[PDB]
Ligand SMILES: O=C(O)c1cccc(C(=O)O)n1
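Quick setup: one chain, the form solved without the ligand, written in structure tokens, and binding and motion questions come after.
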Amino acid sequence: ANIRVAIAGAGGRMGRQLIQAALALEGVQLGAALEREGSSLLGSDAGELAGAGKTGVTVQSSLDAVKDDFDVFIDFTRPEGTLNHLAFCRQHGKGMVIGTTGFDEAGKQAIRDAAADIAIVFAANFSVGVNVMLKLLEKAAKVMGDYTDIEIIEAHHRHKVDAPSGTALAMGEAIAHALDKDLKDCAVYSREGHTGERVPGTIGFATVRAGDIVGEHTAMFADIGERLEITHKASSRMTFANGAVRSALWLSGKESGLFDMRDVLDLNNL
């Protein structure tokens, strides 16, 4: 057994998938399970809380009340919630895995700054699959990227409010960059009516919105006579939960530093 973890947001959609990824994953022990103050607990965290019962781990509201039973903090909640946890941790030297998105800048500066006293793994997408794909797209842009036509199709469930996906964009920059360009100089997002021919040097984006699709990203580099395509399909949010949980175990032994998934996946040596 090992590394104890505290899963904040235990009853939230992400927090559940985390309890499971933790119980059924070796080298990591479920130390605590938090929650908002003024919400129905359910003691046995992962017990009732996450499908499969048991776990004498009880979903508290404290923190100081748990300081000694978790080595690492996994946070997929809210920027307001996160900043607070970030402050207790940084005081008592607990490392954190941060999957809360949506911080204002002043927000990220906290994290950056806190990362000098404690070890933080903070990332926009915690799916290993998406993280590799991003490195591949790079190598690839470096050969065919140039002289090939480059389009990015992403599909999402019917409740995503913003188009294109933040991953599709992330995919776009990975590529714009590698060819040494700027995504904003060469991106095209809409195609309506008489468009005229496809401007060379541009990166187009198509976005599908339907049913419950969790998340699909495709990149193609099309030439005359051939097409390369790299697709990552997400069938479940558990995909992100294994990534976060694998990162905790990774931060094991670490102190000070801000890392991300490339750090954890060693993708810079790739």
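The term rigid core refers to the maximal set of C-alpha atoms that superpose within 1.5 Å between the two forms. Start at 1 with the first residue shown and count on from there.
Asker: Is the mean CA B factor in the deposited entry higher across 172-180 or across 153-161?
Answerer: It is 172-180 that shows the higher mean C-alpha B-factor.
Asker: Quick one: higher average CA temperature factor, 26-34 or 201-209?
Answerer: It is 26-34.
Asker: Name the one of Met238, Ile230, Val66, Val245 with the greatest CA B-factor according to the PDB entry.
Answerer: Going by the entry's C-alpha B-factors, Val66 comes out highest.
Asker: Checking the record values for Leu41, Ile224, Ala234, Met220, which has the greatest CA B factor?
Answerer: Largest recorded C-alpha B-factor: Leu41.
Asker: Sort the modelled residues of this chain by their C-alpha B factor and say whether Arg262 lands in the lowest, middle or highest third.
Answerer: Its C-alpha B-factor, which the entry lists for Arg262, ranks in the lowest third among residues of this chain.
Asker: Would you please rank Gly193 by its C-alpha temperature factor against the other modelled residues of its chain and give the third it falls in: lowest, middle or highest?
Answerer: For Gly193, whose C-alpha B-factor we compare with every modelled residue in the chain, the answer is the highest third.
Asker: Going by the recorded CA B-factors, say which third of the chain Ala106 sits in, lowest, middle or highest.
Answerer: Within its chain, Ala106 is a highest-third residue by C-alpha B-factor, going by the deposited values.
Asker: Compare the C-alpha B factor of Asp75 with those of the other modelled residues in its chain, then answer lowest, middle or highest third.
Answerer: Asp75: CA B-factor falls in the lowest third of its chain.
Asker: Is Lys142 in the lowest, middle or highest third of its chain when residues are ranked by C-alpha B-factor?
Answerer: For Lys142, the deposited C-alpha B-factor lands in the middle third.
Just so it is clear, the following notes concern the form solved in complex with the ligand, a form of the same protein that is not shown.
Asker: Where, among 171-179, 105-113, 135-143, 121-129, do residues come within 4.5 Å of the ligand in the entry with it bound by heavy atom distance?
Answerer: Every other range fails; the passing one is 121-129.
Asker: Although the partner isn't part of this model, could you tell me whether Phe221 comes within 4.5 Å of the ligand in the entry with it bound, counting any heavy atom of the residue?
Answerer: No, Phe221 is distant from the partner.
Asker: Even though the ligand is not shown here, does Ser165 get within 4.5 Å of it in the entry with it bound, heavy atoms only?
Answerer: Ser165: contacts the ligand in the entry with it bound.
Asker: In the entry with it bound, does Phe70 come within 4.5 Å of the ligand, counting heavy atoms only?
Answerer: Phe70: no contact with the ligand in the entry with it bound.
Asker: State yes or no: in the entry with it bound, is some non-hydrogen atom of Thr101 no more than 4.5 angstroms from a non-hydrogen atom of the ligand?
Answerer: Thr101: contacts the ligand in the entry with it bound.
Asker: Between the options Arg198, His92, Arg191, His157, which residue brings a heavy atom to within 4.5 Å of the ligand in the entry with it bound?
Answerer: Of the listed residues, the single hit is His157.
Asker: Taking the ligand as it sits in the entry with it bound, which residues of 223-239 have a non-hydrogen atom within 4.5 Å of it? Please list them.
Answerer: Residue within 4.5 Å: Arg237 only.
Asker: Where does the C-alpha shift reach 2 Å or more between the shown form and the other one among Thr195, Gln91, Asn84, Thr101, given a fit on the rigid core?
Answerer: By this measure, the answer is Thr195.
Asker: With both forms fit on the core, has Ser127 moved 2 Å or more by CA between the shown form and the other one?
Answerer: No, the C-alpha moves less than 2 Å.
Asker: Tell me, please, whether between the shown form and the other one the C-alpha of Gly43 is shifted by 2 Å or more, with the rigid core used for superposition.
Answerer: Comparing the forms between the shown form and the other one, which are aligned on their rigid core, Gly43 does shift its C-alpha by 2 Å or more.
Asker: Aligning on the rigid core, do we see the C-alpha of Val66 shift 2 angstroms or more between the shown form and the other one?
Answerer: After core superposition, the C-alpha of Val66 moves less than 2 Å between the shown form and the other one.
Asker: How does the CA gap of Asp162 and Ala110 change in the entry with it bound versus this form, closer or farther, if it moves 3 angstroms or more?
Answerer: Here the pair is farther apart than in the entry with it bound; there, closer.
Asker: Closer or farther: the CA pair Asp182/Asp104 in the entry with it bound, versus this form, with a change of 3 Å or more?
Answerer: Between the C-alphas of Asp104 and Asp182, the gap narrows in the entry with it bound (3 Å or more compared with this form).
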